[PDB]
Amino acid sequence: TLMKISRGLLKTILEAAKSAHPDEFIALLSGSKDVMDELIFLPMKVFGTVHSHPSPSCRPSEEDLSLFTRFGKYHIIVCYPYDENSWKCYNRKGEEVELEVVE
């Protein structure tokens, strides 16, 4: 039904963002059916993208708006301090999307 993201994937994303800090982390999202459970690193179906911001804001940047139009329908933004409440998901049009974590 409605797309959800696995807890493990979320955790790996937050850890990768923290490790990239102060630089931005960027990667592709994927999975099977209705669960995001694949992380694809940059040098198959693509659900979307994920990238971080070294500051406390998850608001899409001008560039992000351009990124959202190319890879998948779900685009996650993770921001400092990269805890479980520092990310948001957006769709190709930059609108906010509700992405629940699997039990």
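One rule holds for the numbers: they count along the sequence shown, beginning at 1.
> Looking at the entry, does 64 to 72 or 44 to 52 show the higher mean C-alpha B-factor?
The stretch with the larger average C-alpha B-factor is 64 to 72.
> Do the C-alpha atoms of 91 to 99 or of 7 to 15 have the higher average B factor in the entry?
Looking at the record's C-alpha B-factors, the answer is 91 to 99.
> When the deposited Cα B-factors of this chain's modelled residues are ordered and cut into thirds, is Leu29 in the lowest, the middle or the highest one?
According to the entry, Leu29 has a C-alpha B-factor in the chain's lowest third.
> Could you look up the Cα B-factor of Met36 in the entry and say which third of the chain it sits in: lowest, middle or highest?
It belongs to the middle third of the chain when residues are ordered by C-alpha B-factor.
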